[PDB]
Amino acid sequence: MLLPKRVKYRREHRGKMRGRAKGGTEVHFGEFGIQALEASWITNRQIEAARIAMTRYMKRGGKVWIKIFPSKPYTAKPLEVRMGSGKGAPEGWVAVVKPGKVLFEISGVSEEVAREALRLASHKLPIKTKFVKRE
Amino acid sequence: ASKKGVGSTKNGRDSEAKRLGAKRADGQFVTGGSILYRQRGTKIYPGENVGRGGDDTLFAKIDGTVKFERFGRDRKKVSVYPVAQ
Amino acid sequence: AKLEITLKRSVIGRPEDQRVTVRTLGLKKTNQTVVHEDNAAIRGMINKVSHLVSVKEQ
RNA sequence: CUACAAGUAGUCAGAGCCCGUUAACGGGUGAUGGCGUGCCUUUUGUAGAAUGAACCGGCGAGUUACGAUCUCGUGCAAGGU
RNA sequence: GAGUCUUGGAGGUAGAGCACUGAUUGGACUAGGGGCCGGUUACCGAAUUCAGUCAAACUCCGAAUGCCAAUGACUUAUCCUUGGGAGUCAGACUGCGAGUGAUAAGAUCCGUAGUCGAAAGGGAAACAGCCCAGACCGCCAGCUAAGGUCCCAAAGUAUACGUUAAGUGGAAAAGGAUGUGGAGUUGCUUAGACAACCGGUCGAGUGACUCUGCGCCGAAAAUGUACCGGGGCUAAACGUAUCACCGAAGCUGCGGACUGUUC
RNA sequence: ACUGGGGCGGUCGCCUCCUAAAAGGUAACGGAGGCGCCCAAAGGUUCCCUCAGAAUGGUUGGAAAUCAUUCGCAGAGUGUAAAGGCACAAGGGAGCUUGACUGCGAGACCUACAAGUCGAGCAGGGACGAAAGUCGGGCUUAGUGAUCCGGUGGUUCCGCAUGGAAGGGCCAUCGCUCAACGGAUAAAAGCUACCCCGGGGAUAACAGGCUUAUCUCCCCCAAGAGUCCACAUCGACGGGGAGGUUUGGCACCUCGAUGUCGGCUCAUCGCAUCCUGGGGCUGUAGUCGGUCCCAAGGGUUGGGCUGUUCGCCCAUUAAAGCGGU
RNA sequence: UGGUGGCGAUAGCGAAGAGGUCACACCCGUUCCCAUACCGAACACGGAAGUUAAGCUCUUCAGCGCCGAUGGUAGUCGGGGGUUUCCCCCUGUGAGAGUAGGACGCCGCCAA
Ligand SMILES: [K+]
Ligand SMILES: [K+]
Ligand SMILES: [K+]
Ligand SMILES: [K+]
Ligand SMILES: [K+]
Ligand SMILES: [K+]
Ligand SMILES: [K+]
Ligand SMILES: [K+]
Ligand SMILES: [K+]
Ligand SMILES: [K+]
Ligand SMILES: [Mg+2]
Ligand SMILES: [Mg+2]
Ligand SMILES: [Mg+2]
Ligand SMILES: [Mg+2]
Ligand SMILES: [Mg+2]
Ligand SMILES: [Mg+2]
Ligand SMILES: [Mg+2]
Ligand SMILES: [Mg+2]
Ligand SMILES: [Mg+2]
Ligand SMILES: [Mg+2]
Ligand SMILES: [Mg+2]
Ligand SMILES: [Mg+2]
Ligand SMILES: [Mg+2]
Ligand SMILES: [Mg+2]
Ligand SMILES: [Mg+2]
Ligand SMILES: [Mg+2]
Ligand SMILES: [Mg+2]
Ligand SMILES: [Mg+2]
Ligand SMILES: [Mg+2]
Ligand SMILES: [Mg+2]
Ligand SMILES: [Mg+2]
Ligand SMILES: [Mg+2]
Ligand SMILES: [Mg+2]
Ligand SMILES: [Mg+2]
Ligand SMILES: [Mg+2]
Ligand SMILES: [Mg+2]
Ligand SMILES: [Mg+2]
Ligand SMILES: [Mg+2]
Ligand SMILES: [Mg+2]
Ligand SMILES: [Mg+2]
Ligand SMILES: [Mg+2]
Ligand SMILES: [Mg+2]
Ligand SMILES: [Mg+2]
Ligand SMILES: [Mg+2]
Ligand SMILES: [Mg+2]
Ligand SMILES: [Mg+2]
Ligand SMILES: [Mg+2]
Ligand SMILES: [Mg+2]
Ligand SMILES: [Mg+2]
Ligand SMILES: [Mg+2]
Ligand SMILES: [Mg+2]
C-alpha cells in the first residue's frame with residue numbers, strides 16, 4: 001500500500017482541485033494508459049485495487065507504471081465527537097488527480113489486452129476515465 | 001445523550017503582527033526622519049540620503065522625494081533626493 | 001465630442017466602487033442622462049460601469 | 001344585506017335598494033371581483049405553534065435640589081459678581 | 001475629499017516551475033548490504049546520471065486585481081478640526097476566496113461584495129437575506145426592469161429553423177444500452193460485399209471507431225395526486241434567432257406639500 | 001474566565017512561521033515551534049580573512065582527529081525558535097578597548113488608552129583609527145509586569161511659631177510564576193437530591209429541523225468460491241447511490257413548561273412482502289427449497305423470564321413481516 | 001599599456017591561440033621599518049639576474065551559465081450562465097515554461 005516514507009507535516013490542508021493537470025497528461029513511459037476526465041482524490045487503497053485488477057488481467061506480463069503517488073495525508077476525527085478541540089488524526093493518503101492526468105501506463109501487451117486491463121482498473125477508481133495511446 | 005470525550009491542541013499561539021513593509025510611496029515627499037520601510041534584514045537597502053536603523057528600519061536622512069530603485073541584479077534600495085531648489 | 005451617458009440599471013445591489021463611479025458622473029437616479037466631454041477620463045469611468053450605463057455619442 | 005359558503009374581517013372596484021347633508025365630484029347598506037397572516041414586546045429572523053393584554057373606564061414611569069460642564073440669551077467687560 | 005485616465009512604486013497570492021528544502025515514479029548505473037561460496041545471484045540498495053511527478057508552512061519565476069503615491073486633465077462634493085448629544089459591542093443569508101468539519105450541515109470561523117437588519121413595490125406559488133428595484137402625497141395617464149404573453153392571469157395559441165417522445169420538460173450517481181440528431185475517421189463492396197440459403201449460388205450496401213446534441217434505465221417511504229402553483233400542454237418543452245406586447249410605489253407626465261442650495 | 005451546553009481535560013503574557021486571498025490588518029479548543037535568557041566578549045573599533053562537503057595522498061588513525069593538494073555561492077556559520085537577512089559579509093581571526101556612555105532629540109512608525117519602535121542631528125566627556133570615520137550593546141525581531149506600598153543611594157527642594165528634626169518631594173535604583181501575565185484583596189477551598197430568586201430556547205437533556213459520518217437498504221466492476229463454470233447461489237479488493245427508523249454532528253422553533261421509557265386502548269399509512277395470489281431463473285426429477293420479479297386485498301398467535309424496547313425460551317401457526325405517524 | 005570608476009554575467013565560466021623595450025607581473029634578497037597563533041608563504045622593506053610559464057592584455061568560439069521577444073496557453077479584474085468539491089461564455093489583462101533571437105563587454109576620467 002503506497003504511502004510516503006516520511007512527511008514534513010502530518011496534517012495538511014485539503015486544498016482545492018481546479019484546473020487541468022499540470023503534468024503527466026501524455027503517456028510517456030508505456031504504450032497505453034488511462035487518463036482522468038474528472039478531478040478527485042484517489043486513495044492509496046484505490047490505487048492498489050486498480051493496480052491489481054490490471055496486473056492480474058495481463059497475467060503479470062508486460063509492465064505497469066503508476067504515474068500518481070498518494071503523498072497527501074488526510075485526517076479524520078474519531079466517530080461521534082463534537083466539532084473543534086484541534087484537528088483530527090492522520091487517517092490515510094491520497095493523490096490529487098485533475099482532468100488530463102494519465103494515472104496508469106501499460107507496455108508489453110497488445111492494445112486489445114491493454115484496453116481490457118485498463119477497463120477493469122477504471123471500475124475500481126472514483127472518476128471517469130479515457131483510454132489513451134502514446135504518440 | 002452521550003458525549004464522546006475530546007482531546008486538546010498543543011498549538012494556539014502567535015505573536016503580534018509587526019506592521020512591516022513600506023511606509024512611504026515612491027515619489028512621495030518626506031521629511032527627514034520619516035521611516036520609509038520596516039523589515040527584518042535588508043529586503044531593501046539604504047540608498048542615497050537614507051539610513052538603516054538598529055532593527056533594519058530604513059529612514060530618510062533629509063527632506064525630499066522617496067525613490068525605490070533596483071540595486072544591481074538581485075537587490076533593491078530606497079533613496080531620498082532633494083527637491084529642485 | 002460629447003457623450004450622453006444614461007443610467008440604465010439601478011445601483012442597488014452593486015459594489016460601492018461602481019456606485020461611486022456612477023454618482024461621480026452626476027447620475028443620481030435611474031434613467032437620468034448626463035452629458036460629458038469624450039476623453040480618456042470619462043471613457044474609463046464608463047468602462048468601469050458599462051453594464052450599468054448606455055452611451056450615445058453626440 | 002344574509003341559508004353553495006372557506007372569512008386577521010378590512011381595503012380598493014362595484015351594481016341594486018334605502019336615504020337626503022356642516023352641499024359636498026353626498027349619507028346608509030353591500031351581491032360580486034382584486035388584494036390582504038392583528039397589535040405590542042423581543043429578536044439574525046416572529047402571522048407566529050415565542051411574550052403580554054377578557055373588555056371598558058380611571059390611575060400608572062427621566063423628576064426635583066444642590067454642584068459641574070457645553071450651547072443659546074442678556075448685562076457689564078480686563079474685569080465680572 | 002472622492003471617481004476615472006496617465007505615471008511611478010512596495011508586495012510573492014493565482015498560475016507555473018524544480019534553482020533550494022521535502023516528498024516521489026521509471027530507466028541506466030553501481031558503492032554497500034542480504035541470500036548463495038576472498039567467491040556468486042532477478043533480493044534490496046546510497047550516491048551519480050537520464051527522463052518524469054508533486055507541495056499551506058518549497059521558489060529560479062510570477063500575474064490579474066488590490067494598495068501607497070505623483071501629475072495634470074475631465075468629473076464630482078466631499079474632507080478635516082474643535083466642541084455638545086448618542087446608540088451599537090447576539091447579527092443573518094447570498095455570491096466569491098480560505099480554515100475547522102467528512103472539500104457534511106440552514107454548521108462554524110475569518111476575508112471580500114451585496115441584500116436583510118433598518119426596505120415597502122414587481123418577480124421567484126407561498127417564502128427577512130435570491131432576481132428587479134428604493135414608497136413625500138394625489139391621478140380611472142404613459143414608457144420600461146426582473147419575470148412573462150393557452151386558461152386560472154395582464155400580454156404572442158408570434159415568426160423562422162432545428163431537437164425531444166421521456167409528460168423528459170416538471171429533483172439523483174457509478175454504471176448499463178442496435179433510443180434518436182449532427183459531425184468526422186475507417187475496414188470491406190457489381191473482380192459482386194453484409195445477411196440468408198451448400199469455400200459456391202443471390203443483387204446493393206454493410207461493419208467498426210472517435211467526438212458531440214437531446215432523451216432511456218439505474219429511481220423504494222410512510223394522512224392525499226403531492227418538485228410544473230393548478231388546469232392542462234407534444235408544445236403551452238428544449239436550442240438558436242427576430243420582433244411585438246404585458247409587466248413595479250423604477251422612470252416620465254400633470255397637480256399639491258415640505259427640505260436644501262443657488263439666485 | 002474561555003469552552004460548538006456545563007463539568008472534566010486543555011489554555012491564559014511574549015516571540016517566529018503558515019493559514020492570510022502578492023500593502024497593512026484579519027478568526028477558530030486551526031497547523032507548527034520557541035521565550036521568562038545568555039555573553040565582560042558572544043560588546044565597541046581597527047586591521048586581516050573565508051565556509052560545508054567531497055576526492056586523492058599520508059605514522060599511530062578508524063567511516064570520521066590533525067597535515068597537504070584539488071574541486072567547491074555557500075550545499076556552512078550566524079549564543080538560542082523561526083522567518084527575513086548576511087560571502088564590498090551581518091560568518092572566521094587578532095590588537096587595543098568599555099559608546100553595554102550622560103544630557104537629549106527635528107521627524108517618523110505603531111497605536112482606543114497605557115505602552116511599544118526607529119531616528120538624523122546637537123552638547124559633554126571618551127574608545128578604536130594615520131585619517132575618513134564608526135561606536136548610546138549583540139544580523140534583525142522574544143528574554144518581560146502598571147499603580148499603590150516599602151527599601152537603598154544622591155539631592156542649590158519642602159520642613160505646620162522660629163532653628164533643627166521627624167517626615168515628605170525630586171533624580172537614581174531594588175523588592176511581583178501579581179504566569180488568570182492591563183495585575184479585583186495584604187489575606188480565600190468544597191457540597192446542596194433540603195434548596196431558593198432573577199433570567200435564557202442567547203445554552204444542554206425529549207420531540208421536530210438541517211446534515212447523513214454512522215446506520216438500513218440497493219447497486220457497479222468481477223478476482224475468487226461453486227468438480228467444470230464470475231454471474232443457480234455466494235461475491236473479495238475497490239467504486240456509486242437511496243432512505244432518514246440508529247448512534248451522533250449542528251444548536252434553527254419551544255426553558256412567562258412542546259410531560260419524558262415501556263405497556264394498555266384505538267388505529268392509520270409506507271413497501272424494502274412474513275403469509276396467501278401470479279411469475280422468471282435454478283447447482284428446479286418429485287416432495288421441498290434457493291434467488292429475483294409483480295403484488296399492500298386481507299391476514300399476520302397464546303404463554304415463561306425481564307419495567308423493559310429488544311432478546312432467549314415453550315407451544316402453536318398459512319404466516320408469526322419491517323418501518324412511519 | 002597601466003591606474004581608477006560607472007553600467008543587471010549581453011560583463012561570467014570553460015576551451016583554443018597571441019603578446020611584453022616601457023608599463024603590469026611573476027621574479028631575486030631579508031641589513032633596516034614591519035610581519036608569521038610556526039613559516040619573508042602572505043604582509044613589509046630593498047633589489048633587477050631571469051621569464052612571459054602564470055596573473056594581466058588582446059584575438060577566436062555559443063559546450064555551460066546569462067539576457068530574451070512575437071504568437072499561443074494558464075491564471076485573472078469586471079459582466080453573465082450552468083450540469084455548482086467544479087465548469088462554461090463575453091469586453092479587458094496576461095504569465096511561467098518553451099522558443100526565434102542576443103551575447104565571449106559597453107561607457108568614462110587620469111598617466112605613460
Ligand atoms: K373583499
Ligand atoms: K412558551
Ligand atoms: K460571506
Ligand atoms: K412532468
Ligand atoms: K453543539
Ligand atoms: K575584538
Ligand atoms: K485577568
Ligand atoms: K415528543
Ligand atoms: K440502487
Ligand atoms: K424548555
Ligand atoms: Mg437521545
Ligand atoms: Mg539591539
Ligand atoms: Mg356547489
Ligand atoms: Mg345564496
Ligand atoms: Mg386558503
Ligand atoms: Mg432565537
Ligand atoms: Mg419572556
Ligand atoms: Mg395571556
Ligand atoms: Mg498553486
Ligand atoms: Mg460576522
Ligand atoms: Mg450560519
Ligand atoms: Mg435589532
Ligand atoms: Mg441601506
Ligand atoms: Mg424588501
Ligand atoms: Mg406574491
Ligand atoms: Mg419583519
Ligand atoms: Mg389574458
Ligand atoms: Mg418530471
Ligand atoms: Mg409597452
Ligand atoms: Mg405603475
Ligand atoms: Mg420614485
Ligand atoms: Mg412636479
Ligand atoms: Mg464559564
Ligand atoms: Mg464542551
Ligand atoms: Mg480544569
Ligand atoms: Mg491582500
Ligand atoms: Mg499581507
Ligand atoms: Mg492599591
Ligand atoms: Mg518648624
Ligand atoms: Mg489579562
Ligand atoms: Mg483583573
Ligand atoms: Mg436522600
Ligand atoms: Mg436528608
Ligand atoms: Mg426559577
Ligand atoms: Mg436556539
Ligand atoms: Mg435533538
Ligand atoms: Mg416541535
Ligand atoms: Mg450560530
Ligand atoms: Mg405560554
Ligand atoms: Mg415491491
Ligand atoms: Mg515568457
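Only heavy atoms go into these numbers, but all of them, side chains included; no hydrogens, no water, no symmetry mates. Chain A is the first sequence line, chain B the second, and so forth, proteins listed ahead of strands; every chain is numbered from 1.
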Should [X] be listed as having a side-chain N or O under 4.0 Å from OP1 or OP2 of [N]?
{"X": "A/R82", "N": "F/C250", "value": "yes"}
{"X": "A/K63", "N": "E/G27", "value": "yes"}
{"X": "B/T42", "N": "F/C139", "value": "no"}
{"X": "B/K18", "N": "F/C15", "value": "yes"}
{"X": "B/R13", "N": "F/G34", "value": "no"}

Would you say [Y] and [X] are linked by a side-chain donor-acceptor pair, where the criterion is simply a distance under 3.5 Å?
{"X": "A/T75", "Y": "A/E91", "value": "no"}
{"X": "A/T129", "Y": "A/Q35", "value": "no"}
{"X": "A/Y74", "Y": "A/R14", "value": "no"}

At less than 3.5 Å, do the side-chain atoms of B/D14 and the base atoms of F/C15 form a donor-acceptor pair? no
Is there side-chain contact between B/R24 and B/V78, with heavy atoms separated by less than 4.5 Å? no
Under 4.0 Å protein heavy-atom contacts per nucleotide of nucleotides 91-110 of chain E, with B for base, S for backbone only and - for none: ------SSSBBSB-B-B---
Sugar-phosphate, base or nothing in reach of [X], heavy atoms under 4.0 Å:
{"X": "B/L20", "answer": "sugar-phosphate"}
{"X": "B/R24", "answer": "sugar-phosphate"}
{"X": "B/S2", "answer": "sugar-phosphate"}
{"X": "C/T30", "answer": "sugar-phosphate"}

Shortest side-chain distance from B/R70, nucleotide among G/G8, E/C58, F/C118: G/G8
Do A/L103 and A/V94 share a hydrophobic cluster (ILVMFWY, side-chain heavy atoms under 4.5 Å, transitive)? no
Hey, is A/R45 close enough to A/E48 for a salt bridge, meaning N to O under 4.0 Å? no
In terms of the nearest nucleotide of RNA chain G, which residue is placed more toward the 5' end: A/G19 or C/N47? A/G19
Has A/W65 got its ring stacked on the base of E/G26, with centres under 5.5 Å and planes less than 30° apart? no
Paired, F/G124 vs F/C96, Watson-Crick or G-U, distances below 3.5 Å: no
By nearest-heavy-atom nucleotide on RNA chain E, the more 5' of A/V7 and B/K76 is B/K76
